[PDB]
């Protein structure tokens, strides 16, 4: 897995009596100077490989029938290997910052209690919980608009309840058409106000809108902000509106897009986390992630063979929150399925244990490369609920560029679709066709997955965020890194190649209670589940 020499590569690509072409010589020279660079920075060493990989397929593009090509395709694979080598030999401990994000509303006690677990166990880490002091009223506003649409949709249902295909499917379809119109009425309002006075604060536009159009009480809203700001200050609150240099004005624009217009706090958070990791360095976590459990704790307790590796890891946590009681309310439903003598095997190991540090594994020194961003896995796929990156890392720029490039395709096609259409149905048809007209082999999948963007948060199985700002943008970045590209969208990296970038697994417990629920999306089950409730709030009332 060592990178071949000039002379060694020459053996590989040797064709008897063939002229040494300029494009070939160029490759060999450049490979020579890479091996005479060993003092340089990792990033600089990566960039030299990237030029070497560009000179190589220039050769291949030039001589498509050259008897050198086979060997040179293999060379390209060794370049890929060399990246992993540079990565694996450039590890260094991350900045000891620990990031969380809660925006668009008041932080709940459930999040703070999960966060506090991290704080207690990591003295040497600066816990920062980013919030947006200008935007406490996003969730409120969406809750009101969604509310109004639900109701209107249900009034056009008051004599069709029992059948036929007025099921939960038709409810969302038709609710969405109303949500879109109402949402657009607000956006148009917000946008005209910002033209008026650019200094205007998001929440101030929001309250004026809520009081004028939906009869909300000004005072109640100002007290909600005041409380929300109070709570988060009390809890290591870092206001983003206080920071100066961080702002990538492009990212800020898209951060604002997801926060104010789309009301996707998860998307907004996807955007803010990578920006903060880049500027600050460290470890990012979702507020529903708990720390890793100490290896040796339950090592002497053998997993009952009829029980999954997953449920056991899940029990391991519930066992902690039964006896030690760090989080009040934490489920033990799975723990109670166990045999008495095994339940007492857990009481036994949790007996002679003093500090929370002997229970949860502290993060300590986490080693990472400048060339990478480490990421959590769930079900043999990356998931960005947990990230690690050095300040100003190369791969963070790749991630940020993936986001921008994807939003450029989105916005360039969506914005005019918004302007040309006269309702939800027409906008979606214009958007769908515009993406069709510019779709090809290398982006078709991406186009399909972002087609339903305007539906995010309002309808079941809507997953566009994943491929704009979430996991997809990381696997995209990893393909950029390994394959030497800047445009990766058609993914060909398999799990074991993606596993190079994994969050160290012993240093996180992903399988918590709060993770079971999602706040930006929902599946078909929950959709049906709460169609019943909304409907059942029409016979049951005051």
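Positions refer to the first chain, counted from 1.
- As listed in the deposited structure, the average C-alpha B-factor of 401-409 and of 311-319 is greater for 311-319.
- Higher average CA B factor: 190-198, of the stretches 190-198 and 130-138.
- Highest CA B-factor among the listed residues (113, 152, 97, 123): 152.
- Each of 446, 453, 180, 172 has a CA temperature factor in the record; the biggest one is found at 172.
- Placement of the Cα temperature factor of residue 51 within the chain: lowest third of the modelled residues, per the deposited record.
- In this PDB entry, the Cα temperature factor of residue 93 sits in the middle third of its chain's modelled residues.
- Looking at the C-alpha B-factors along this chain, the one for residue 42 belongs to the middle third.
- When the CA B factors of the chain's modelled residues are split into thirds, the value for residue 281 lands in the lowest one.
- The entry lists a Cα temperature factor for residue 481 that places it in the lowest third of the chain's modelled residues.
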